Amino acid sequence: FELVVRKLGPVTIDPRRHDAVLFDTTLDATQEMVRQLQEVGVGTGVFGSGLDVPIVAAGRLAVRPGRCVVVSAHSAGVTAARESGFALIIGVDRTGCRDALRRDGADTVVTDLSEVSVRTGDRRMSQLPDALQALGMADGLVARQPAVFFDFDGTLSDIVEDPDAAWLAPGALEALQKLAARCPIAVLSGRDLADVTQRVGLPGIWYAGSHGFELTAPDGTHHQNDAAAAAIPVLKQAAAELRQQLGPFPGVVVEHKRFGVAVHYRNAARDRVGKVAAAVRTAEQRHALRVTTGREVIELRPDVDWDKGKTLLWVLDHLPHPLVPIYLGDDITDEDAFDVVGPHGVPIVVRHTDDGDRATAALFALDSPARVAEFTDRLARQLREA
């Protein structure tokens, strides 16, 4: 395995996203590749020829398929890893079945495992210094003038199982108000632009909704990803389709947002899960959309590359000044933004009790969403200082 240092190669085992790697036994994964994974805290295991099937091998490591990588030189492995929702499936082409393997469900195919990279450099959330404590040291948190970025759910707002029941954590409104008088603020969210705007309820700042595909400036200028916007009518049609197809089956919900269809199947019986999936993959094929899985949801999104780092970099390019970013996030999508804050930027991760001590690119930690309101207040006070 080639080592990539706080970066992302072509094929990358990413500890932040990947808790284990399941190797096909026929592969000869060197002791050097397993040791590489051992230093970054990633478990290994083998499945395959008459041995364990991928999902079983994953169960022995106490790791969900959504957090596991499979590496397989055979078709059965690739396919079984595909129907089991594995996060990353690397096909190893040793018999020139690159096309076959990718038809099976390989996310990507390599000839030799030394083409696979392992991300190094991230620390585990445990290990990180506290943001509040750093903010109050002699030299403060930032040397240069900042622009501050917030994820909404899990960061500014306490996690809730009812999406509609997400509200600003106590004190976070007065805090954002103070800070907003002091520097540019931006809240990021996967919710529609209107929803997050209403829930923060604070004007004269940047709102980025629908996964950064559309934002509002302080002056109220609307901005939208042009290429992504073309898929808006496409998605309304998939939603219309999916509602007729899955309407007969109770416990299955089709939720339509401006840049996505989400199909909730928490209350769906066994064997409509495969049927809920089959319909979304039909919607996929038919409309050239992008499917991604939640825990009990399947989502269709515009087939346009984008992440939270690109939102951040874009918003920054439009800020007046060389403005240094401070970024606060709660989960996995926020790792894209930690990675591009630059040599003076401050990436902060909000810890939860059930988060499991993930590896992260963030430099600091805030203990819960409650401290985020506290951090915001003191930041506004430290900037008023200078």
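So that there is no doubt, residue numbering starts at 1 and follows the sequence shown.
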| query | finding |
| --- | --- |
| Unmodelled deposited residues between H321 and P322, binned | 4 to 9 |
| Of 214-222 and 120-128, the stretch whose C-alpha atoms average the higher B-factor in the entry | 120-128 |
| 17-25 versus 359-367 - greater average Cα B-factor per the deposited record | 17-25 |
| Criterion, highest CA B-factor; candidates, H256, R286, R199, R103 | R286 |
| Residue of maximum C-alpha B factor among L168, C183, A278, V261, per deposited coordinates | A278 |
| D195 - Cα temperature factor, lowest/middle/highest third of chain | lowest |
| Chain-relative CA temperature factor third for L8 | highest |
| Third of the chain's Cα B-factor distribution that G41 belongs to, per the entry | middle |
| Where the record places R290 (Cα B-factor, split into thirds across the chain) | middle |
| CA B-factor ranking of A269, expressed as a third of its chain | highest |
